[PDB]
Structures are given as structure tokens and as C-alpha cells.
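# here is the input, now give the coordinates:
(chains A, B and C)
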Amino acid sequence: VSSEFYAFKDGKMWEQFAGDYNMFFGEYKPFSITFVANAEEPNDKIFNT
Amino acid sequence: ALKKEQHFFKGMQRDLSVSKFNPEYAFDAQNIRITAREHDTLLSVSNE
Amino acid sequence: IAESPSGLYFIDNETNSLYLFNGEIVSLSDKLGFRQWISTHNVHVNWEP
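Residues are numbered from 1 along each chain as shown, chains lettered A, B, ... in the order given. Below is the structure in question.
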């Protein structure tokens, strides 16, 4: 709507990208990032740090 | 120790074998943004 | 909007970009890295002296 992106859930309109971080619809949801660590994959590695 | 490996985050990729995944991609990510929004956080993982 | 030999430089507030039309639309803000500067300086009120 205009220059702002809006949402609608549970009977209410939620303006996005305007509140505090990681709070979706009043509830805290986590964030995570998974990335494979495969360098020199023919060799058996011990992941140390 | 003996060796190191740097990993960059250019997006997220799936459907590829773990043995042949690429370090510049992430296998899975929840509530992250790799684009500069509200700050100069382009190509850098940031909160949503 | 500024007319030039190369095209038409216009700033779209809705999309938060600085475009250039030369037959094909090109987002100069994204190409040269100015998305945040424009996304933080946009408003709905039209220009007036």
C-alpha cells in the first residue's frame, strides 16, 4: 500500500519492516543459518573451531 | 591446527549433495536477509 | 525526471530505486549500490519549492 508493505493475520493489519527485530505478529521467532563445511572432502577432517 | 576454510553467504541453495555443496551458499536459513535493507548489509547476513 | 542523451533518470518512491530508461529500464541505485540511501529518504508528499 503506497510505499509500504503490509500484512493481514488474525483479523488485524500488521505493517512489516517497522517494528523491532525478530518480532513477528507479537511473537519472537528465531533466526538461523546452516551451511555445509566440505573442503577437501576426500580427506577425513576434525572440525576444531 | 592444520587447515582452514572461509565460507561466504551469497544466498541459500538446496537440492545439492553435501559432498558437492559450495561454500558461497547456505544450506538452510530462517529469518535472514542477505540484501542491504535499512543499512548497508548487502552480501552480509542480517536479521529480519 | 531529467532528460539526457543517455535516457530518462527518474526516481520511483514505490520501488525505492533510481531508474534509467534507455529502451530498457535499468535500476542505477541497485547497480551502483544506493538502495538504502533512497529507501531511507523517500516520502509520499510531492515536490514543491
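
# when you work out contacts or count neighbours from here on, use the C-alpha atoms and nothing else.
OK.

# residues contacting residue A:34?
Contacts for residue A:34 (CA atoms under 8 Å, 6 or more residues apart in numbering or on different chains) come out as B:26, B:27, B:28, B:29.

# the residue nearest to residue B:29 when sequence neighbours are not counted: neighbouring residues, count only.
Closest residue to residue B:29 apart from its sequence neighbours, by CA to CA, 6 or more residues apart in numbering or on different chains: residue A:33 at 4.2 Å. Using other CA atoms under 10 Å in any protein chain shown, residue A:33 has 14 neighbouring residues.

# same deal with residue B:34?
A count of neighbours around residue B:34, defined by other CA under 10 Å, yields 17.

# likewise for the one 5 residues further on?
For residue B:39, the count of nearby residues is 13 (other CA under 10 Å).

# weed out the non-buried ones from the contacts of residue A:34.
B:26, B:27, B:29 (16 or more other CA atoms under 10 Å in any protein chain shown).

# where's residue C:11 relative to residue B:7, distance?
Distance, residue C:11 to residue B:7, by CA to CA, to the nearest Å: 36 Å.

# more neighbours, those two?
Counted by other CA under 10 Å, residue C:11 and residue B:7 do not tie: residue C:11 has more neighbours, with 19 against 15.

# wait, what's in contact with that one?
Neighbour list for residue C:11: C:1, C:17, C:18, C:19 [criterion: CA under 8 Å, 6+ apart].

# closest one of those residues to residue A:9?
Distance to residue A:9, by CA to CA, is smallest for residue C:17 among the contacts of residue C:11, at 29.0 Å.

# tell me the phi and psi of the residue nearest to residue B:29?
For residue A:33, the backbone dihedrals (degrees, to the nearest 10) come out as phi -150, psi 120.
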